[PDB]
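Everything below concerns the one structure shown next.
The chain is numbered in sequence order, starting from 1. In listed order, ligands and their atoms are each counted from 1. Quick note: numbers below take in every heavy atom, side chains included, and nothing from hydrogens, waters or symmetry partners.
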Amino acid sequence: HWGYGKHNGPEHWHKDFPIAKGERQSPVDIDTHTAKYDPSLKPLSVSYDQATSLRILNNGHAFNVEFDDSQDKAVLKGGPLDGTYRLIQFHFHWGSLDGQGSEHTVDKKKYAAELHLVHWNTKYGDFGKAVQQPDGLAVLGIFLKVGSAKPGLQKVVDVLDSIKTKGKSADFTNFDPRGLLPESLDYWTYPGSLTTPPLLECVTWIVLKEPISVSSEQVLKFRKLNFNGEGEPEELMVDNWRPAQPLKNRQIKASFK
Ligand SMILES: CC(=O)c1ccc(S(=O)(=O)NC(=O)NC2CCCCC2)cc1
Ligand SMILES: [Zn+2]
């Protein structure tokens, strides 16, 4: 099936998933100087107090921390969003080296990695139905650079030896994702897509300006992960990112001057 190699990589995806060359594909380059401050943007409300992690999954693409999205416990609202969006999962995309890994770029700049806190609109009832809708998902994009450790990322780093290969999963309760947030909620926003197949055009994107600092050792653990399944030739999970896509008929709004 699809992957990130020479033969199944992003440039091959359009064959099985035509929308890949569609009209609102993610990620994009964020031209910070082309983006308009939008006064009419309401403030971003990130309400992660009752957030309930359950499991961590290696799906052979990335790893997902899954949350109990059976009630309004950890929600994204305000900003550009109309209604309430439930956190289902977060995952990263990262590089073979520190000079790459991010999917979104800022004035063509690539970060070491990028966090997707994935939420779905509660008016659609569930995630599968939400991705069928243009306003179905809100993804909170956060850039990772290498420097200081993120203390609140270490619990996730420590358990990754337990989910080394495709398919493997671990109980992962009580993780507080507020420890992955930067200081500032300043953000760009655009209409966009899932960045992997099926690349559905169901995403309101919210990328924070302020990156979080992770340690080289924290990112080195992500790179020790495996695309392949247990008992298979070792392919290291690195450069699991989609390059920037054509902006087409889209304006990127900013929450700040
Ligand atoms: C753009 C973006 O953030 C996003 C892309 C795909 C999906 S999905 O297809 O609904 N999720 C998964 O089942 N897999 C996950 C995701 C892709 C890597 C981590 C693993 C969810 C969010
Ligand atoms: Zn993602």
Side-chain angles (χ1 to χ4, degrees), residues 1-5 8-10 13 16-17 19-20 22 24-30 53-67 69 74 76 81 85-95 100-105 110-121 124 126-144 156 160 163 165-170 172 177 180 187-208 212 222-223 225-227 229 237-245 250:
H1 216 23
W2 68 274
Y4 289 93
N8 68 359
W13 293 349
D16 269 16
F17 304 89
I19 203 163
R24 53 171 273 189
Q25 281 293 298
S26 305
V28 308
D29 180 43
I30 298 150
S53 63
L54 295 185
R55 251 163 32 107
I56 187 157
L57 174 54
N58 181 343
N59 52 30
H61 306 312
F63 65 85
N64 297 341
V65 169
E66 285 154 342
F67 290 76
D69 66 357
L76 198 62
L81 306 167
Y85 284 81
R86 257 186 218 151
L87 180 65
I88 173 156
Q89 61 111 328
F90 77 73
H91 62 268
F92 306 71
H93 312 257
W94 59 93
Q100 58 199 92
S102 69
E103 297 205 312
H104 291 89
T105 58
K110 295 178 170 115
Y111 283 92
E114 176 179 328
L115 170 63
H116 294 147
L117 291 138
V118 185
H119 323 72
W120 54 270
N121 194 334
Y124 295 135
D126 78 48
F127 177 89
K129 203 60 166 288
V131 286
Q132 285 184 16
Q133 318 305 134
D135 58 349
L137 295 198
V139 181
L140 199 55
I142 301 177
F143 300 122
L144 271 64
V156 179
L160 288 175
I163 61 130
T165 50
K166 155 97 145 303
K168 281 210 182 283
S169 89
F172 198 69
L180 298 182
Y187 66 85
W188 304 284
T189 192
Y190 80 98
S193 70
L194 305 177
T195 63
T196 88
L199 305 161
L200 298 176
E201 298 191 338
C202 67
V203 184
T204 308
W205 271 101
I206 309 179
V207 187
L208 304 193
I212 58 149
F222 288 13
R223 314 211 167 100
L225 284 175
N226 277 199
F227 280 133
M237 189 174 270
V238 298
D239 305 306
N240 56 351
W241 48 276
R242 201 195 189 182
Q245 299 299 308
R250 290 178 287 177

[X] heavy atoms, cut-off 4.0 Å: which ligand 1 atoms fall inside?
X: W205; answer: 1 (C), 3 (O)
X: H116; answer: 2 (C), 3 (O)
X: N59; answer: 14 (N), 15 (C), 19 (C), 20 (C)
X: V139; answer: 3 (O)
X: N64; answer: 12 (C), 14 (N), 15 (C), 19 (C), 20 (C)

Quick one: look at [X] and ligand 1, take heavy-atom pairs under 4.0 Å, and tell me if it's side chain, backbone, both or neither.
X: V118; value: side chain
X: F92; value: neither
X: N240; value: neither
X: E103; value: neither

Considering only protein heavy atoms, which is closest to atom 8 (S) of ligand 1, and at what distance to one decimal place?
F127 CZ, 4.5 Å

Nearest protein heavy atom with distance in Å, relative to atom 22 (C) of ligand 1
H91 CE1, 3.5 Å

Heavy-atom gap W241 to ligand 1 smaller than 4.0 Å:
no

Hey, mind stepping through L140 and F90 against side chain to side chain contact (heavy atoms under 4.5 Å, CB included) and telling me if it holds?
CA-CA 9 Å; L140 199 55; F90 77 73; over 6 Å; no

Near-ring test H104/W188, centroid separation under 6.0 angstrom:
no

Do NZ/NE/NH1/NH2 and the carboxylate oxygens of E103 and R242 come within less than 4.0 Å?
no

Could you tell me which N, O or S atom of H116 is nearest to the Zn ion (ligand 2)?
ND1

Compare all side-chain heavy atoms of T196 with those of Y4 and state whether any distance is below 4.5 angstrom.
yes

Could you tell me whether the side chain of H119 and the main chain of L117 form a donor-acceptor pair under 3.5 Å?
yes

Can you say whether the rings of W2 and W13 are parallel (under 30°), tilted (30 to 60°) or perpendicular (over 60°)?
perpendicular

Could you label the plane-to-plane angle of the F63 and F92 rings as parallel, tilted or perpendicular, counting under 30° as parallel and over 60° as perpendicular?
tilted

